[PDB]
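**Student:** coords please:
(2 chains, ligands or ions: 2)
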Number of protein chains: 2
Amino acid sequence: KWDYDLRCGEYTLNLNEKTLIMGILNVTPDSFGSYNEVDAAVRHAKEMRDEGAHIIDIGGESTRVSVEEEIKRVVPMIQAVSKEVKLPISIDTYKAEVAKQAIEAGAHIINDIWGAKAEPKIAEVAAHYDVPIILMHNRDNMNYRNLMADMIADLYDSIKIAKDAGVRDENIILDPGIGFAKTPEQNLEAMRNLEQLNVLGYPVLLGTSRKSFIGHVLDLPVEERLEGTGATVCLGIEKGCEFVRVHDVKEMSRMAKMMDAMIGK
Amino acid sequence: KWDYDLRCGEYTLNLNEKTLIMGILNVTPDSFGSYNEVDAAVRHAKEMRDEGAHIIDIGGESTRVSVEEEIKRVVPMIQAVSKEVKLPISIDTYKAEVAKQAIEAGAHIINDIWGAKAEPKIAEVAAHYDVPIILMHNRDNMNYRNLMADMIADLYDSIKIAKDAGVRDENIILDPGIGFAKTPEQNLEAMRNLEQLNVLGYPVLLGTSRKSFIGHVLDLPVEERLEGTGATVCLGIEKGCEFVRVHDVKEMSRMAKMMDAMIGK
Ligand SMILES: C[C@@H]1CNc2nc(N)[nH]c(=O)c2N1
Ligand SMILES: C[C@@H]1CNc2nc(N)[nH]c(=O)c2N1
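**Tutor:** Numbering: from 1, shown residues only, chains lettered A, B, ... in the order given. Ligands and ions are numbered 1, 2, ... in the order given. See below for the structure:
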């Protein structure tokens, strides 16, 4: 099915062999590139490498921050993890300068929650270093004529921007952006119609880990969402996703792997 | 989609509203209707009722037993649980006399792992008390020309037997019999083609809890199979199953419920 491998410089990721697990690195800052924060992050990456993660996702601005600062927090982390853990690292920013530094510092993949729309210059950063980029569906509003048709239109506007800036098709990964610009019911509608994004011809990453719509269904707080995340990973894999972005790496790797065996991937 | 409810005398089970969870009652015998065994079983049913189970499944001969004896072990259990826990009880036997007693003692549903083939008289027991019966795929051999086509043929031979004995269509539930008469690869093939059984027009129950094929994929012992069972429950629900038979009632209820929300059931 994929006629190419994901080229990540040093590392290569095969897209046919298994669902690829992206481990979410919790970047809990010190009040002050300090030791407790860089060391707590290195140990966390190591735990996830050992639990079956294939990519470590490192973020500077967690939604729940000055550009100069985001770099000083995230660059030390990427240096320590890329040196100490043999996994590709994706950098979770939408800012072009942050992306630029992160890749100099050793990150392999760009992870852009605004799909090259917040700062179009980021795809030029991608085009240049020639790295894979994740384009996530997002918009600053929630008025959908047709949810899926709109997601697909919007994603396609990211691809144009990326392709225009010089991004090769083989470095494009898409993401339905679950939990962004979507009501809880829209989130479950995007889950139920995820296979639609396959028509765009690109690999899909799904990020549903512990998100608020799981809580809305199950009526359960963020720490009781492991079964609900599992269900979303399972439906995602069955609908064709190539990657899942999760906190619970041990549990999701096992669910991923059993899905893979059953659907014949 | 289902134009009728599952009639269980005292209780009624709706087939459209949610995936219905069947809790597996571990019937750990005393060396001797004793207290520790009937009381350990009542507390276990109660825990599962509280964790979200809709049916309690009670078995006399766990595969890993004289007819007269199977009754003396299982009849006290059904009396205590049906009196003390307000859930329908299914009786996991293939023996007609055991089924007969179990229903006198208070069980609602017959659960027959040999699909009325080991003892055809059991469907007459079903026909008479007018109870729902689960017909599970099983055979005393593993030489399949075409796995799915054979399962469907074999299941259909159970339906004939049941219908001939007087069983109403509305009291027939089918079960692909995962882990019986199937190699590990055949088990994963039946999972991947489960939606095929829907053409027979009946509700489907799936039993994959902690089974040996999960262990074969994940390489993990029976107590580390919770993620692997989850994956099977998720794929089952997406492929259309009306019931899942599980040990981990808390975890599987949550995964069931999140699947239901997403697939729109
Ligand atoms: C809340 C987080 C932020 N970063 C993400 N990145 C991708 N690709 N996909 C996602 O779902 C998310 N969600
Ligand atoms: C091992 C157990 C025995 N009883 C079962 N009954 C049904 N219906 N389905 C099943 O899968 C099983 N498996």
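**Student:** packing partners for the host helix or strand of residue A:216?
**Tutor:** For residue A:216, the element it lies in under DSSP states H and E is helix A:212-218. Contacts defined by 3 or more C-beta pairs under 8 Å, 6 or more residues apart in numbering or on different chains; DSSP states H and E place helix A:212-218 against helix A:184-192, helix A:226-238, helix B:249-263. In this view, the C-beta of every residue, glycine as well, is placed from N, C-alpha and C.
**Student:** Same list, these, but as JSON lines with distance to ligand 2 and mean neighbour count please.
**Tutor:** Formatted as JSON lines, the helices and strands packed on helix A:212-218 follow (distance: least, C-beta to the nearest ligand atom, whole Å; neighbours: other C-beta atoms under 10 Å in any protein chain shown):
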{"stretch": "helix A:184-192", "distance to ligand 2": "28", "mean neighbour count": "20"}
{"stretch": "helix A:226-238", "distance to ligand 2": "19", "mean neighbour count": "27"}
{"stretch": "helix B:249-263", "distance to ligand 2": "14", "mean neighbour count": "24"}
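**Student:** Now tabulate those helices in CSV and tack on distance to residue B:160.
**Tutor:** Output for these, formatted as CSV (distance: least, C-beta to C-beta, whole Å):
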stretch, distance to residue B:160
helix A:184-192, 37
helix A:226-238, 33
helix B:249-263, 32
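**Student:** Would you mind putting these into a markdown table with distance to ligand 1 alongside?
**Tutor:** What follows is these, written out as a markdown table (distance: least, C-beta to the nearest ligand atom, whole Å):
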| stretch | distance to ligand 1 |
| --- | --- |
| helix A:184-192 | 11 |
| helix A:226-238 | 11 |
| helix B:249-263 | 16 |
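**Student:** Residues in contact with the helix holding residue A:216: which ones?
**Tutor:** Here helix A:212-218 makes contact (C-beta atoms under 8 Å, 6 or more residues apart in numbering or on different chains) with A:178-179, A:184, A:187-188, A:208, A:220-222, A:224-225, A:227-229, A:232, B:254, B:257-258, B:261.
**Student:** Is it in proximity to ligand 1?
**Tutor:** No: figure legend: helix A:212-218 not in contact with ligand 1 (C-beta under 6 Å from any ligand atom); closest approach 9.8 Å.
**Student:** Quick check: buried residues in that helix?
**Tutor:** A:213, A:214, A:215, A:216, A:217, A:218 (16 or more other C-beta atoms under 10 Å in any protein chain shown).
**Student:** The single nearest residue of chain A relative to ligand 1 and residue A:46: what is the separation?
**Tutor:** In chain A, no residue comes nearer to ligand 1 than residue A:207, which is 2.2 Å away by C-beta to the nearest ligand atom. Applying C-beta to C-beta, to the nearest Å, the value for residue A:207 to residue A:46 is 22 Å.
**Student:** cool, and residue A:134?
**Tutor:** Counting by C-beta to C-beta, the gap from residue A:134 to residue A:46 is 23 Å.
**Student:** residues contacting residue A:126?
**Tutor:** Per C-beta under 8 Å, 6+ apart, neighbours of residue A:126: A:99, A:110, A:133, A:162, A:165, A:167, A:171.
**Student:** possible to save those as a markdown table with neighbour count, distance to chain B and secondary structure?
**Tutor:** What follows is these, written out as a markdown table (neighbours: other C-beta atoms under 10 Å in any protein chain shown; distance: C-beta to the nearest C-beta, whole Å; DSSP: H, G, I helix; E, B strand; the rest coil):
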| residue | neighbour count | distance to chain B | secondary structure |
| --- | --- | --- | --- |
| A:99 | 27 | 33 | helix |
| A:110 | 30 | 29 | strand |
| A:133 | 26 | 28 | strand |
| A:162 | 25 | 29 | helix |
| A:165 | 18 | 35 | coil |
| A:167 | 25 | 32 | coil |
| A:171 | 22 | 30 | helix |
